[PDB]
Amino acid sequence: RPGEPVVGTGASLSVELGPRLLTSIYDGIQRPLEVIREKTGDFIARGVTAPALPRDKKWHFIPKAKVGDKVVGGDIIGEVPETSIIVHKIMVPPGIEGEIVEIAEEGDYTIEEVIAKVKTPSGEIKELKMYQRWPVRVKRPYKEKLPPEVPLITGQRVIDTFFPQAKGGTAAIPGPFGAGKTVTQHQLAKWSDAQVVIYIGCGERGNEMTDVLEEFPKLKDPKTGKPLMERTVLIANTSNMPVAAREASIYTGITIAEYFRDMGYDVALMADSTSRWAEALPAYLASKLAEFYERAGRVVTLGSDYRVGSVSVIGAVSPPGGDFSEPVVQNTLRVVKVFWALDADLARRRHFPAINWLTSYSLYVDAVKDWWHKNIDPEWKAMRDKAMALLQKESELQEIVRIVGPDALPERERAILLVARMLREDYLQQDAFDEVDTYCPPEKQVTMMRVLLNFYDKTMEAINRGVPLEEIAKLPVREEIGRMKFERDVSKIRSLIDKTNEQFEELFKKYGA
């Protein structure tokens, strides 16, 4: 990328945006694999480079606008089928508006070709290609940042239910590298309802780059059968790369996320490069994490059609050995709205995903409940809250029992522990390796939860009738409850409610009431 030595604020550090970015692997900056990296500074940056998009590749343009049409920035003037998954939407660059005096015909083109001309109100004729440039450090503009509402549906029960992410929200995952972060990040990347993923996947393990070039091209997008790379764009930070570029990769990544957002996609920006992101010569250097995160959001995009896209941020905080106290841990956890706390004791106990349901939190619960209530069910919030109360109850009881023992525990309390344990095992625990349980649709989540909480209501009902707890604990329907996560037919899961009720009736019959 040649550029120019301009005054102001650096060279004018930017990125190219157009067809073929997808399936591609880039560096703090935007050059293909194993390419030298430029220095930084508050004042300026110097870069010796290669090309970011092939000028030599031929793309099938489908125009969507005509000679005579009025346009504004964000308006979509045609389409380019880019991968087998993603249509690339060709948009007037921000700040350009006017009349389309000239537009290409449906045909094949390389990116330097001019596919349209726009006459601005001044009369100035602006020439538009299939790509555009943007300064990575300026947030691409939009009409309006919408308040957090709809959830980013992850298909993971513990997250979607107890610690929800909003489309356009900010989330962090910290804890040990040990058990499960990788598989959990991988589950999020492939299952979350974001059409496009930008992964800043950046050498935290010496063989990570090897795994990236060797494995990533084989991964399938479970929604289509096709490769996950065909909706992904990677941004590597490594130990050989300049402190400079490593710094700037988040911007390059978020800029590219905003660009797919602007077309109306939901996009997930995933950062898993904690350590490589380090600097030498702090408050002065922390509002630089703040504003990066401020760039997350669901927005009504620029353009003449009403159009919504989003960028959801999920940041890894994996500090090596135990850098968990001071850097990226004071400023970052108080800026993110959601935190999924991976916990090595849970992992050792083989509870997966190993997410600690007492130290994680989401501040999007009330923001997303209405979306759940309107479509998934009307009792979604009441039910999570009830299931959490019972988990909080369990945790208190277990502390108490650690001190004084279990033998003087009353039936009611034993019942609470039995049901909480069913919550942990049936719902909290989810099998990423199983062909059904690797994804749990919204409808299935609420039904499994109703089955569980109905069993709780009947348990507490039975006990307050003199049915003993040992009899409840061996209801056959219990063990079907432990398997419901493996059932793909949601209506079979649902039938467990009536089945539970009936077995209880016939425990009421044995005994009294």
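Counting begins at 1, following the sequence as shown.
According to the entry, the deposited sequence has 10 or more residues without coordinates between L281 and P282. The stretch with the higher mean CA B factor, choosing between 40-48 and 446-454, is 40-48. Stretches 241-249 and 163-171 differ in mean C-alpha B factor, with the higher average recorded for 241-249.
Looking at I400, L213, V419, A389, the one whose CA carries the top B-factor in the deposited record is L213. Remark: of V183, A257, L363, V328, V328 shows the highest value [criterion: C-alpha B-factor in the PDB entry].
In this PDB entry, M270 carries a Cα temperature factor that places it within the middle third of its chain's modelled residues. Annotation for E149: C-alpha temperature factor in the lowest third relative to the rest of the modelled chain, per the entry. Sort the modelled residues of the chain by CA B factor and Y142 lands in the lowest third. Annotation for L33: C-alpha temperature factor in the highest third relative to the rest of the modelled chain, per the entry. Among the modelled residues of its chain, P135 has a C-alpha B-factor that falls in the middle third according to the deposited record.
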